[PDB]
Chemist: 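Here's a structure for you.
Each chain gets a letter, A, B and so on, in the order the sequences are listed, and its residues count up from 1. Computation of the quantities below employed the complete heavy-atom set of this structure, encompassing side-chain atoms and omitting hydrogens, waters and symmetry-equivalent molecules.
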Amino acid sequence: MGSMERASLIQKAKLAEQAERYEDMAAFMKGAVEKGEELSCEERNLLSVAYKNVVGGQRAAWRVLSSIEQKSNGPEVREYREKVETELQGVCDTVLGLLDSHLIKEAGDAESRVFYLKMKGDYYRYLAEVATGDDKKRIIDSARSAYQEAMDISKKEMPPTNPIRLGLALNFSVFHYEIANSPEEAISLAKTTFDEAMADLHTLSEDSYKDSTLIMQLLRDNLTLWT
Amino acid sequence: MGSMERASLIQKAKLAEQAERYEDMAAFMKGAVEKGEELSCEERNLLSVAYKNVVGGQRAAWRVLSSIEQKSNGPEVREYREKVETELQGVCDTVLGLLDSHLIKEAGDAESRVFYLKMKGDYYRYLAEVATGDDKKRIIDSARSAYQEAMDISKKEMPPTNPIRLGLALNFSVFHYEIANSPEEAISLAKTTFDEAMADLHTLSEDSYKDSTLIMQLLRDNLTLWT
Amino acid sequence: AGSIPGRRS
Amino acid sequence: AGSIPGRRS
Ligand SMILES: *Cc1ccc(S(=O)(=O)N2CCCc3ccccc32)cc1
Ligand SMILES: *Cc1ccc(S(=O)(=O)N2CCCc3ccccc32)cc1
């Protein structure tokens, strides 16, 4: 997308979202990141929405194929699951490459740095979902390390109702439950995050309250599923 | 897909549908058609499902973008609508190319020939939806001609409850209403098709009855919208 | 107006 | 379990 203006890529990413063309949206936002400038809050959300939707569809397809393959216990189901898996890994590697070159290193404000480290944890978590064996251990640790750095910054620099802090804790709790085989850590993190947010809601405007309580309900929904 | 076995392409098209990977499904079925053998009833449905879903998503996106563009009355919305439009036209040209090389000419049974001519009408109709001006006239006539040949065969060779005959009439009636500016022809075709199917339902088994009445309800739904 | 779906559903 | 959605909806 090197010949397209940054502002045109951003505008087209917004149009692609409205048209539910998320692969296009991700390609436009990759082009925008590769212009080399930092991203605003709105632009960070465009980048995350685009790739989360693309990889979310790949994950759903991989899960369908993996279930068929496991029930089967010819080579076609495995081959096609492997094709989808390789495509998913490629998208995760692309996102991780954008974060490493050079979004994270240029992100100095807590909001941007936590946002990008949360994304880094997420895309390593998606790699971990399809990984087997030993490199699987290192992929899991890479997710953990990214989430932990984001947690450390969020606890020092953001209030306990901040929606990025809350969403980070939500996703790190999913990591603990679904990837790291640590359901008690997942439950403890979700509960402590929920309770500390509840105690800070009194400080918020109506609009901030709506945002924080939305993510609190997601934490509660997981706690209900896990307990 | 030249190095993959026909039977593996078919199997992978079925898996891709289960995984809701319709672009993959269309690529597998294009590969299967290009093996050069005729398609069975089940394989014809795989081919149609795959491309109908791909182009259906493109049409929905084109409509979103066209509405934004018309409301706007920079170049980005038009450019992106044009990009989506070109991709849609490319998929339609691909399907039409498969039908012309060589599905239609090898289809001698009424069921297969009507099926492929109905598809030919449909993909010219999708081209007509985005066409402007004069070549638009020739595209409309190409859709009409394909549907008309399919109608002529279906009326001579299939009972009035046959689901392919019914779906052909449904789609040709949509062509008349939405493309050809002939709402009275659309209504007449839908009504006559419905009534002649109703009078032949007594001949059908439970399973055939369910299929014919499903498409009859689609004809009735359009008649309710149009009257 | 609706055209034929790809599958009965 | 649910992770954060891309948009509030
Ligand atoms: C990881 C993350 C958490 C919050 C946000 S947001 O900008 O505050 N926002 C948009 C995405 C989902 C959401 C849900 C509830 C409340 C706010 C949001 C972005 C990214
Ligand atoms: C164009 C067309 C019409 C019918 C058929 S089908 O094989 O009879 N079938 C599958 C697709 C949709 C459908 C709806 C109701 C009843 C039967 C069908 C295929 C293609």
Chemist: Answer yes or no: does atom CD of B:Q18 have more than 12 heavy-atom neighbours from other residues, nucleotides or ligands under 6.0 Å?
Modeler: yes

Chemist: Could you tell me which residues in residues 169-182 of chain B have at least one non-hydrogen atom under 4.5 Å from a non-hydrogen atom of chain C, sorted by residue number?
Modeler: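 Residues B:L170, B:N171, B:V174, B:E178 are the ones that qualify, each having a heavy atom under 4.5 Å from chain C.
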
Chemist: Scan for salt bridge (charged side-chain N to carboxylate O under 4.0 Å, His left out) pairs involving residues 21-31 of chain B, sequence neighbours excluded, and state none if there are none.
Modeler: A:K83-B:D24, A:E87-B:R21, B:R21-B:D24, B:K30-B:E34

Chemist: Heavy-atom distance under 4.5 Å to chain C: side chain of B:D221, backbone, both or neither?
Modeler: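 Neither the backbone nor the side chain of B:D221 comes within 4.5 Å of chain C.
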
Chemist: Kindly indicate whether the side chain of C:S3, heavy atoms from C-beta on, has any atom under 4.5 Å from the side chain of B:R125.
Modeler: yes

Chemist: CG/B:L219 to CD1/C:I4 distance, rounded to the nearest 0.5 angstrom?
Modeler: 8.0 Å

Chemist: Please confirm whether the backbone N or O of C:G6 pairs with a side-chain atom of B:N45, one donor and one acceptor, at under 3.5 Å?
Modeler: no

Chemist: Could you grab the distance from atom CG of B:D211 to atom CZ of C:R8, nearest 0.5 Å is fine?
Modeler: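 Reported to 0.5 Å precision, the distance equals 4.0 Å.
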
Chemist: Is the NZ atom of B:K35 crowded by more than 12 outside heavy atoms at less than 6.0 Å?
Modeler: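 For B:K35, atom NZ is crowded (more than 12 foreign heavy atoms under 6.0 Å).
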
